[PDB]
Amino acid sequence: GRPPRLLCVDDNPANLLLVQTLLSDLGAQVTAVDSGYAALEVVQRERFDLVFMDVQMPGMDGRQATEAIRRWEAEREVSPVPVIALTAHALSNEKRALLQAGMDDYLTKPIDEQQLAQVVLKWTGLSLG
């Protein structure tokens, strides 16, 4: 299958580089941005197969960035991109709030290659590795 085109969003540069590098090494075409504001702007510009969205970011958190994306997709009329939350340790009510914001799924940090490969295949049909 073709390489998946993935967007990674994280306000921690070291964690962003770690997840980006795991994905690039597994053959994904990765874009890596540093904020929810960046995520909205790059999703307007580019068609991704899937977005990995850090939940905790200042100013615009992952839920607010996903809401921004969903509002633009609806107003602009664009096929929805899967959005996967990357979260520390979320209880049921927090996971329900991620889905209510328009997120599709979640992974609990720290993020590993197998969890990333499995969620990309589930949501896109494309294999990594």
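A residue's number is simply how far along the shown sequence it sits, counting from 1.
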Open item on the list: Quick check: 52 to 60 versus 68 to 76, which has the larger average CA B-factor in the record?
Closed with: 52 to 60
Open item on the list: Which is higher on mean Cα B factor in this entry, 86 to 94 or 32 to 40?
Closed with: 86 to 94
TODO: Please place residue 2 in the lowest, middle or highest third of its chain by C-alpha B factor as given in the entry.
DONE: highest
TODO: Pull the Cα B-factor of residue 26 out of the PDB entry and bin it into the chain's lowest, middle or highest third.
DONE: highest
Open item on the list: Which third, lowest, middle or highest, does the C-alpha temperature factor of residue 121 belong to within its own chain?
Closed with: middle
Open item on the list: Please place residue 9 in the lowest, middle or highest third of its chain according to the CA B-factor in the PDB entry.
Closed with: lowest
